[PDB]
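Numbering (the authors' numbering) for the sequence shown: 32 to 406. Note that the Cβ used here is the ideal one computed from N, Cα and C, for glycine as well. Structure first, then comments.
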Amino acid sequence: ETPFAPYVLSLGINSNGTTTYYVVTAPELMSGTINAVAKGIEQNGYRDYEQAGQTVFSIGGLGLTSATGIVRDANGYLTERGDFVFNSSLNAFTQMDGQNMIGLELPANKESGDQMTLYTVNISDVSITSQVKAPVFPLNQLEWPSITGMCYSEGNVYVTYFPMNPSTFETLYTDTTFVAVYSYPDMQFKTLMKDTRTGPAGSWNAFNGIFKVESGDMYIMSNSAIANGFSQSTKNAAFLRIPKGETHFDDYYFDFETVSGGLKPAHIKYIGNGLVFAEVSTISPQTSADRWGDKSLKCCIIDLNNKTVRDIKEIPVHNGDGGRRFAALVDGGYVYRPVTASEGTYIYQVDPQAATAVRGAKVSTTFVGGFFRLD
Ligand SMILES: [Fe+3]
Numbered sequence: 032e033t034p035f036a037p038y039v040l041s042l043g044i045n046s047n048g049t050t051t052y053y054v055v056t057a058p059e060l061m062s063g064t065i066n067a068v069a070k071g072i073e074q075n076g077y078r079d080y081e082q083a084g085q086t087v088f089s090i091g092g093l094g095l096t097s098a099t100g101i102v103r104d105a106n107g108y109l110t111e112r113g114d115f116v117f118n119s120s121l122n123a124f125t126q127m128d129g130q131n132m133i134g135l136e137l138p139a140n141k142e143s144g145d146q147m148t149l150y151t152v153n154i155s156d157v158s159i160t161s162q163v164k165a166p167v168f169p170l171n172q173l174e175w176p177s178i179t180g181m182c183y184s185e186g187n188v189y190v191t192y193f194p195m196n197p198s199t200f201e202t203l204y205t206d207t208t209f210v211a212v213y214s215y216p217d218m219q220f221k222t223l224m225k226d227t228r229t230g231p232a233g234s235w236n237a238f239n240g241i242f243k244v245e246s247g248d249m250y251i252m253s254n255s256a257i258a259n260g261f262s263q264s265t266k267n268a269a270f271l272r273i274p275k276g277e278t279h280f281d282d283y284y285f286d287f288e289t290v291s292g293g294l295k296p297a298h299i300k301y302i303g304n305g306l307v308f309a310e311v312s313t314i315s316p317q318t319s320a321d322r323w324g325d326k327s328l329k330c331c332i333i334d335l336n337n338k339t340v341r342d343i344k345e346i347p348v349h350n351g352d353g354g355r356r357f358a359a360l361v362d363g364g365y366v367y368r369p370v371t372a373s374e375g376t377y378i379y380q381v382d383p384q385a386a387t388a389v390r391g392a393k394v395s396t397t398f399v400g401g402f403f404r405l406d
């Protein structure tokens, strides 16, 4: 175990048909193999990792209903500090300010309850400091919702979702972008922004529905990607913009599916100044055989201002991590992405201005669940 190592990798290694996560440190992303032998902390069950401040929340799932805090010890090592509990699942989870995390929790289906809970959790304490519930009604007006992201802006909680039959996983309403706004402290429904320019914003359990930028404005991505969980695709994949602290879409439109060549993006990560590191599906005819597959992904740089998509030719076509948080680190003006190639899984460094990549450290794992950096 390297002391004071800055990079944090959550190596998800599958054994005996079940995945175990090893949260390990790494001092370098270019040479030397990143392994979990005699190093890293073990975590069982299904965990997904989200960082804010200097804390990494390991949120459980598939039955796991606890979120554990991982911080840097005074000795430079990683240590588990603080945990908070819930009853169902954290359907969405971001931060609103420098000290509190906002989290939206939906029931599994209508018969499981008609109340959704919003937790305000302290980042430093890793504990629920506030919670308020609200009705689900303006989310299941078409069908029981599946959340794809949530973020805060000027006292308003914005929740992007798509209607999905919770039993058959059938998405019939794919030609209208839906996003519901709520007053923050009351969690009171305000409006349901619908937009008939593209389909729903985001993908199943992908957390790629909405993201805000430096100006405070927020962007949403619609893909209707069958390969990422949808049953059909009626509209084109594109990006829309909701201004800072508003409840109406502006005249911004970035038709990604046509400007790309019939490709729909699978994962996105805003890296700053209108640039987004994206994994897009190289499958042009997204058939139902490709559903839930997220296979044959290509890394690209998306310029929102100039509305361009540039291929990162140095990263080979690979299969994605499915419906899960996108594991990419925006550090030192570069974007670091673990790519599982034929020879193995390698950390690729991506220069966004040149849209170029350099293969870095090899990582000994099945996949990565979280890629973070601590100081
Ligand atoms: Fe599942």
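- For residue 53, the closest of 61, 384, 47 and 65 by C-alpha to C-alpha distance is 65.
- Residue 121 and residue 135 have their alpha carbons spaced roughly 6 Å apart.
- In the displayed model, residue 326 falls within coil according to three-state DSSP, outside both helix and strand.
- Taking all protein chains shown into account, residue 44 has fewer than 16 neighbouring C-beta atoms within 10 Å of its C-beta and is therefore exposed.
- Taking C-beta separations shorter than 6 Å and ignoring five residues to either side along the sequence, the partners of residue 307 in its chain run 299, 301 and 333, following chain order.
- In this structure, the straight-line span from the alpha carbon of residue 345 to that of residue 387 is close to 6 Å.
- Look at residue 343 here: in three-state DSSP terms it is coil, with no helix or strand label.
- Distance from residue 179 to residue 258 at the Cβ level is roughly 15 Å; contact not present, criterion being Cβ atoms closer than 8 Å.
- With contacts defined by Cβ atoms closer than 8 Å, residue 137 and residue 167 form a contacting pair.
- When only Cα atoms are considered, residue 393 and residue 78 end up about 23 Å apart.
- By the Cβ criterion, the region 151-169 is not in contact with the region 177-191, since fewer than three pairs of Cβ atoms, one from each stretch, lie closer than 8 Å.
- The Cβ neighbour count for residue 325, taken over all protein chains shown within 10 Å, is at least 16; the residue is labelled buried.
- Burial check for residue 385: the Cβ neighbour count within 10 Å stays below 16, so the residue is exposed.
- Residue nearest to residue 361 within the set 349, 378, 172 and 147 is 378 (criterion: CA-CA distance).
- Assignment of beta strand (DSSP E) within the region 145-173, counting only whole runs of 3 or more residues, yields 146-153 and 158-166 in chain order.
- Residue pairing from DSSP places residue 83 in a beta bridge opposite 86.
- Beta-bridge partners of residue 208 (DSSP): 226.
- Between residue 291 and residue 260, the C-beta gap is not smaller than 8 Å, which leaves the two residues out of contact.
- The Cβ atoms of residue 401 and residue 62 lie no closer than 8 Å to each other.
- For residue 312, no alpha helix (DSSP H) run applies; the uninterrupted beta strand (DSSP E) run containing it begins and ends at 306-312, by DSSP.
- Secondary structure of residue 187 (DSSP, three-state): strand.
- Distance between residue 318 and residue 353, taken at the CA atoms: about 16 Å.
- Taking every protein chain shown into account, the CB of residue 201 has fewer than 16 other CB atoms within 10 angstroms, so this residue is exposed.
- In this structure, 265 is the residue among 217, 265, 124 and 341 with its C-alpha nearest to the C-alpha of residue 228.
- Secondary structure remark: continuous beta strand (DSSP E) runs of at least 3 residues inside the region 34-105, in chain order: 38-46, 49-57, 72-74, 77-83, 86-92 and 97-103.
- For residue 226, the number of other beta carbons within 10 angstroms of its own is at least 16, and it is reported as buried.
- Excluding the 5 residues flanking it on each side, residue 98 has same chain C-beta neighbours closer than 6 Å at 88, 90 and 115, in chain order.
- The three-state secondary structure of residue 246, taken from DSSP, is coil.
- Residue 136: member of the beta strand (DSSP E) spanning 131-136, first to last residue.
- For residue 290, the enclosing alpha helix (DSSP H) starts and ends at 287-291.
- Non-local beta-carbon contacts of residue 170 in its own chain, meaning distances under 7 Å to residues more than five positions away in sequence, involve 176, 192 and 211 in chain order.
- Per DSSP, the beta-bridge partners of residue 399 are 42.
- Here residue 236 has 354 as same chain residues with Cβ atoms under 6 Å from its own Cβ, once five neighbours each way along the sequence are excluded.
- Per DSSP, reduced to three states, the secondary structure at residue 321 is helical.
- Between residue 303 and residue 218, the alpha-carbon positions lie close to 30 Å from each other.
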